[PDB]
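Enquirer:
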Ligand SMILES: C[C@H](Cc1ccc(C(C)(C)C)cc1)[C@H](NN)c1nnnn1Cc1ccc2c(c1)OCO2
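In our numbering, the protein residues as written are 1 to 330.
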């Protein structure tokens with residue numbers, strides 16, 4: 001089997017991406033944030049505290065003839081940005097782009113943090129990291145990809161995110177019309193539960209490439225590119241008037257600037273992020289100071305190849321016996 005679904009930016013800045021997901025019988029369609037850095041599929045629901053719902057579409061398990069309470073099971077997740085959610089668990093039929101899993105764990109939120117309430121466009125998350133990170137207790141549950149894998153034509157999924165435009169998540173096949181050149185594959189460590197790999201270096205604009213190993217994670221659920229402070233300083237030094245602002249929380253730059261590109265290495269191959277992908281707009285409405293899309297990882301503890309990086313590439317998440325990652329230009 002295979003599946004194919006379109007993923008769409010939630011706003012004009014690509015602050016996150018949503019993908020439609022069918023849950024239950026008859027289908028209830030919710031727009032979820034596919035997150036290759038976490039491993040829980042959770043949704044706003046008829047059980048979510050009423051004051052914490054502000055415009056989201058909810059899953060109502062009592063209206064699904066295939067929903068079953070997973071007795072005794074609970075979940076609770078604390079995301080690294082400070083967001084959180086928790087609740088109870090059902091199993092139900094879940095379909096993405098025509099690919100169906102029966103008996104998928106659907107984690108129903110009873111509580112969500114204010115950041116989730118405030119994003120009316122995001123109805124929950126669909127985790128695509130390794131199932132070792134799943135938070136359900138006392139019986140840990142599998143991700144949508146792990147449940148589907150054995151049925152797929154090939155044990156893979158791909159991310160093709162757009163810049164200020166829609167893109168695609170595919171399951172079970174590699175669309176050879178969706179990229180240029182060849183796909184370069186690179187080793188993955190699953191020891192922390194992430195799609196963790198090592199970039200071979202970077203360049204700023206038309207500058208020379210610096211060979212250096214940068215260990216980090218391929219994370220569709222993170223908006224920006226988080227890299228070591230040395231690398232980030234070298235980038236922003238090329239932008240007149242850019243500075244690190246402790247009050248704003250990162251590097252800012254004049255909205256009048258034209259930004260240089262940023263290149264990262266994948267083996268001997270190179271992925272180029274155009275400068276415009278690094279502009280996240282005014283820090284507050286009407287300001288002429290703009291927020292940068294490349295930021296230091298120093299406060300987080302791991303480097304993160306988030307959407308700013310991934311949207312410049314066609315990315316293969318290869319779930320073979322030994323997992324690997326592939327990157328192509330597009
Ligand atoms: C933050 C997301 C998880 C999430 C997604 C969306 C949202 C909103 C809908 C409310 C917009 C909140 C949360 C990330 N996913 N892998 C993640 N989950 N756990 N760690 N990370 C990576 C990290 C960690 C720390 C950081 C960061 C990133 O950005 C800024 O500080």
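Built from N, CA and C at the ideal position, the CB exists for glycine as well.
Using the beta carbon as the reference atom, which residues fall closer than 6 Å to any heavy atom of ligand 1, ordered along the chain?
Expert: 16, 33, 35, 37, 38, 79, 80, 81, 83, 115, 116, 119, 122, 219, 221, 222, 300 and 304
Enquirer: Which one of 190, 262 and 170 has the shortest CA to CA distance from residue 208?
Expert: Start at 1 with the first residue of the chain shown, and residue 208 comes out as number 208. When each option's Cα is compared against that of residue 208, the closest is 262.
Enquirer: Which whole runs of the alpha helix (DSSP H) in the stretch 230-311 are 4 residues long or more, in chain order?
Expert: 307-310
Enquirer: With distance defined between alpha-carbon atoms, name the residue in 321, 30 and 235 nearest to residue 274.
Expert: The residue you call residue 274 lines up with position 274 of the chain shown. Nearest option by C-alpha distance: 235.
Enquirer: Residue 266 and residue 186 look like a contact to me (Cβ under 8 Å); what is the Cβ gap, rounded to whole Å?
Expert: Mapped onto the chain shown, residue 266 falls at position 266. Mapped onto the chain shown, residue 186 falls at position 186. Confirmed, Cβ separation roughly 6 Å.
Enquirer: DSSP on residue 16, reduced to helix/strand/coil?
Expert: Here the question's residue 16 lines up with position 16 in the chain shown. Three-state DSSP puts residue 16 in coil, outside helix and strand.
Enquirer: Give the C-beta separation of residue 167 and residue 152 to the nearest angstrom, bearing in mind that I take them to be a contact with Cβ-Cβ under 8 Å.
Expert: Here residue 167 refers to the residue found at position 167 when the chain shown is read from its first residue. Here residue 152 refers to the residue found at position 152 when the chain shown is read from its first residue. Not confirmed; about 20 Å, so no contact.
Enquirer: By how many angstroms is the C-alpha of residue 129 removed from the C-alpha of residue 93?
Expert: Counted from its first residue, the chain shown places residue 93 at position 93. Counted from its first residue, the chain shown places residue 129 at position 129. Going by the C-alpha atoms only, they are around 20 Å apart.
Enquirer: Output the distance between the C-alpha atoms of residue 41 and residue 109, rounded to the nearest integer angstrom.
Expert: One-based indexing of the chain shown puts residue 41 at position 41. One-based indexing of the chain shown puts residue 109 at position 109. Residue 41 and residue 109 have their alpha carbons spaced roughly 10 Å apart.
Enquirer: Use the C-beta contact count for residue 104: other C-beta atoms within 10 angstroms, 16 or more gives buried, fewer gives exposed.
Expert: Your numbering for residue 104 matches position 104 in the chain shown. Answer is buried; the Cβ neighbour count reaches 16.
Enquirer: Roughly how many angstroms lie between the CA atoms of residue 329 and residue 2, to the nearest whole one?
Expert: As a working note, residue 329 is residue 329 in the chain shown. As a working note, residue 2 is residue 2 in the chain shown. Computed Cα separation, rounded: 23 Å.
Enquirer: Grab me the residues of residue 190's own chain with a C-beta within less than 8 Å of its C-beta, minus the 5 sequence neighbours each way, in chain order.
Expert: In the chain shown, counting from the first residue as 1, residue 190 sits at position 190. Only 130, 132, 196 and 323 meet the Cβ criterion.
Enquirer: Look up residue 330 in the DSSP assignment and say whether it is helix, strand or coil.
Expert: Taking the chain shown and counting its residues from 1, the one referred to as residue 330 is at position 330. Of the three classes helix, strand and coil, the one that applies to residue 330 here is coil, per DSSP.
Enquirer: Leaving aside the five residues before and after residue 319 along the sequence, list all residues of the same chain whose C-beta is less than 7 Å from its C-beta, in chain order.
Expert: As a working note, residue 319 is residue 319 in the chain shown. Hits under 7 Å: 145, 149, 155 and 156.
Enquirer: Between which two residues does the beta strand (DSSP E) harbouring residue 109 extend?
Expert: As a first step, residue 109 is located in the chain shown; it is residue number 109 there, counting from the start. Per DSSP, residue 109 is one residue of the beta strand (DSSP E) stretching across 99-112.
Enquirer: For residue 90, which beta-bridge partners are listed by DSSP?
Expert: Here residue 90 corresponds to residue number 90 of the chain shown, with the count starting at 1. In the DSSP output, where bridge partners are listed per residue, residue 90 has 69 and 106.
Enquirer: Quick test of your reading: residue 115 and residue 83, contact by CB under 8 Å. State the CB separation rounded to the nearest angstrom.
Expert: The sequence position of residue 115 within the chain shown is 115, counting from 1. The sequence position of residue 83 within the chain shown is 83, counting from 1. Right, the Cβ-Cβ distance comes to about 5 Å (below 8 Å), so this counts as a contact.
Enquirer: Would you give the residue range spanned by the alpha helix (DSSP H) that residue 31 belongs to?
Expert: As a working note, residue 31 is residue 31 in the chain shown. From DSSP, residue 31 is part of no alpha helix (DSSP H) but of the beta strand (DSSP E) over 28-35.
Enquirer: Once DSSP output is grouped into helix, strand and coil, what is the label at residue 186?
Expert: As a first step, residue 186 must be located in the chain shown, where it is residue number 186. Correct three-state label for residue 186: strand.
Enquirer: In whole angstroms, what separates the C-alpha of residue 228 from that of residue 216?
Expert: Position 228 of the chain shown, counting from 1, holds the residue named residue 228. Position 216 of the chain shown, counting from 1, holds the residue named residue 216. Approximately 10 Å between the Cα atoms of the pair.
Enquirer: When the Cα atoms are used, what is the spatial distance from residue 38 to residue 54?
Expert: What you label residue 38 is simply residue 38 of the chain shown in a count that begins at 1. What you label residue 54 is simply residue 54 of the chain shown in a count that begins at 1. Residue 38 and residue 54 have their C-alpha atoms roughly 24 Å apart.
Enquirer: Return the first residue and the last residue of the alpha helix (DSSP H) that residue 146 is part of.
Expert: Position 146 of the chain shown holds residue 146. Unbroken alpha helix (DSSP H) run through residue 146: 144-148.
Enquirer: Alpha carbons only, please: which of 281, 222 and 252 is nearest the one belonging to residue 302?
Expert: Working through the chain shown from its first residue, we reach residue 302 at position 302. The option with the nearest alpha carbon to residue 302 is 222.
Enquirer: With DSSP as the reference, label residue 9 as helix, strand or coil.
Expert: For the purposes of this step, residue 9 is identified with residue 9 of the chain shown, where counting begins at 1. In this structure, residue 9 counts as strand in the three-state DSSP scheme.
Enquirer: Alpha carbon to alpha carbon, how far is residue 20 from residue 284?
Expert: What you label residue 20 is simply residue 20 of the chain shown in a count that begins at 1. What you label residue 284 is simply residue 284 of the chain shown in a count that begins at 1. Roughly 30 Å separates the two Cα atoms.
Enquirer: Could you give the first and the last residue of the continuous beta strand (DSSP E) run that contains residue 127?
Expert: Numbered from 1 along the chain shown, position 127 holds the residue referred to as residue 127. 124-127 is the extent of the beta strand (DSSP E) around residue 127.
Enquirer: Would you mind sorting residue 9 into buried or exposed? The rule is 16 or more other CB atoms within 10 Å of its CB.
Expert: Residue 9 sits at position 9 when you count from the first residue of the chain shown. It is buried - the Cβ of residue 9 has at least 16 other Cβ atoms within 10 Å.
Enquirer: If you run the structure through DSSP and keep just helix, strand and coil, what is residue 196?
Expert: Within the chain shown, numbered from 1, the residue matching residue 196 stands at position 196. Note: residue 196 maps to strand in three-state DSSP.
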